[PDB]
Structures are given as C-alpha cells and as structure tokens.
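There is one chain below, alone, in structure tokens, taken in the form solved without the DNA.
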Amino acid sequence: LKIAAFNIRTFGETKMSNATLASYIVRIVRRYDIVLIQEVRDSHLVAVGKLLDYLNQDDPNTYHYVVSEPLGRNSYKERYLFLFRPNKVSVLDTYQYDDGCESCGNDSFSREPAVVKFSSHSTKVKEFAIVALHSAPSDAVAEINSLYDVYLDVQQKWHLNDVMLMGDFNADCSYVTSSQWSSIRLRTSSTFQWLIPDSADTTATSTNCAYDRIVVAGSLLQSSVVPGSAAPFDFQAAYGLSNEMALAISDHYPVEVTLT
C-alpha cells in the first residue's frame, strides 16, 4: 500500500483547467492507494470533480473521495481531500476534529484535521486511521503539539492505536526551530515514529525544509512500514521537469511511504 500527503499550491479550478498541470497531477496521484491533497481552494468542488473525472474516466471506481468543507479561521479557506483506491482500502468512518464545540476546533487549528478510518486487508495492519493537517505556519509548534491531543481523541473515539498523522506541518526552518522540538508532544512521546526526518527537503522551491511529515503510531502500523520507503517524491527529478514547470505544479513535494 502506497500512501502520500501532497500540498498542491492553490489547487483549484484554474490549475485543473490547465491540461498540462492536470496531467502531471493525475500522474502523481495515480502512484498512490491513498493520497491526501491539501490547499484545495475550490469553492464549488469543481476542481475536485475534474480530478476525479480524469482518475475515473476508464473505471468509475478507480478512486473514491473523502473531502472536507472549506476550513480556516478567517475568510481564507482550504479543504482537505483524500483520494483512495476502494479495491485496496475501504473507508470505515470519518470525522473532523472539533474539540468539543462546533467552533472549538478552530481554537487549536486553523484547518481542523480531517480523520479517516481505513480497513486495509493487504497490509499487516488491518485497520488504521490517518489524520490530515496543513498547519498555519505562524502557529506550527502549537498545532503540531495539538496533534497529540487529536491522537488521544482517535484512541478514545475508535479504540485504535494505529494512526498515521501527515501533511504540511510547516515543521522546520523558521516555523519550528531545533530548540522547539522539545515543546512538541508528538515528537517527544516515544509513541510516535517520524518517518520523514528533519534532514529531508520537502519543498519544490530553493528552500531546504522538512515542512511535510508522516508520523506513525501503533506497533502494527509501525511494523507495516517498509523500511526506507518514507521520503519526499521529487517530481521535478522524476519527470525531468524544469524548475519553473515544477513550481507551477506546487511549491511542495508529496511525502510518501509504503506499507506491507
């Protein structure tokens, strides 16, 4: 099972209408059995529907979706979108973290995590949850720390220790410095393995930053990870692209991992 989290800069109608950018995005998505797409700025789900139209043009059930409403604390809103291959995994339940009141999710996250429970019969782990987060850069330390509370919420809600938490956490550089890691319970708790290391470059731009991350909890799930499989997917190199064409797709690389 191949899983990825991909921040596609301003993913939306204009990007999906560009046949060239759409073709590269389709090619990227088709690598994966589950992929989380972030930065979905798509007021009427038109770009999402167009991506699904391409993915499903041959077989109507190639990919199924889980998508959120627009999220953000002010007028600037983004959705989380999961695309998954239903012949590989099945969605058993979903919810949006809300911390106890209909608005309180926004007290700790700008974009309240989407949480999806999957049944996965081909991997060692048979059921596992994925928690998506695109953090607010200026609140990264506090939001990554709050994922620890999301993890606790999953355990209590679903009685399940096998959880992957992933996305553009902005977890490096000026937004999380080396000294700040000790403030983040998701990092200091031995419950979690960070599969994308601080040394990784997950930007398509000239910064060298491990912004995007995959964190796994639960021993079954941890035992399911293929060693060395977790890494950014440098699509500029993969597809022999110019840097300008690369940046037009996104300013981030997907981060991916394989489960057996």
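Note that residue numbering begins at 1 and tracks the sequence as displayed. Rigid core (definition): largest C-alpha set, two forms, superposition within 1.5 Å.
- Choosing between 135-143 and 68-76, the greater Cα displacement from the shown form in 8 other deposited structures of this protein, fitted by the core, goes with 68-76.
- For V89, the fraction of other compared entries lacking coordinates, among those that model flanking residues, is zero, nowhere near a third.
- Judged by the one-third criterion across other entries of this protein, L152, modelled here, is also modelled in every one of those that cover both its neighbours.
- When 128-136 is weighed against 100-108, 100-108 comes out higher, by mean CA B-factor as recorded in the entry.
- Higher mean CA B-factor, judged across 141-149 and 118-126 from the recorded values: 118-126.
- Per-chain ranking of the deposited C-alpha B factor places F82 in the lowest third.
- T94: CA B factor lies in the lowest third for its chain, per the PDB record.
- Sorting the modelled residues of the chain by their CA temperature factor places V176 in the middle third.
- Among the modelled residues of its chain, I214 has a C-alpha B-factor that falls in the lowest third according to the deposited record.
- Among the modelled residues of its chain, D59 has a C-alpha B-factor that falls in the highest third, as given in the PDB entry.
Although it is not shown, the form deposited with the DNA bound is what the next lines describe.
- Heavy atoms within 4.5 Å of the DNA in the entry with it bound are found in one stretch of 87-95, 146-154, 175-183, 114-122, which is 175-183.
- At the 4.5 Å threshold, heavy atoms of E39 reach the DNA in the entry with it bound.
- With a 4.5 Å cutoff on heavy atoms, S219 does not count as touching the DNA in the entry with it bound; it lies far away.
- In the entry with it bound, no heavy atom of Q236 sits within 4.5 Å of the DNA.
- A residue is said to contact a partner when one of its heavy atoms sits within 4.5 Å of a partner heavy atom; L160 fails this definition for the DNA in the entry with it bound, lying far away.
- Looking at the DNA in the entry with it bound, residues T20, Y253 and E256 place no heavy atom within 4.5 Å of it.
- Scanning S199, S206, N61, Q57 against the DNA in the entry with it bound with a 4.5 Å heavy atom cut-off leaves one residue, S206.
- Taking the DNA as positioned in the entry with it bound, the residues of 66-95 that bring a heavy atom within 4.5 Å of it are, in sequence order, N74, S75, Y76, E78.
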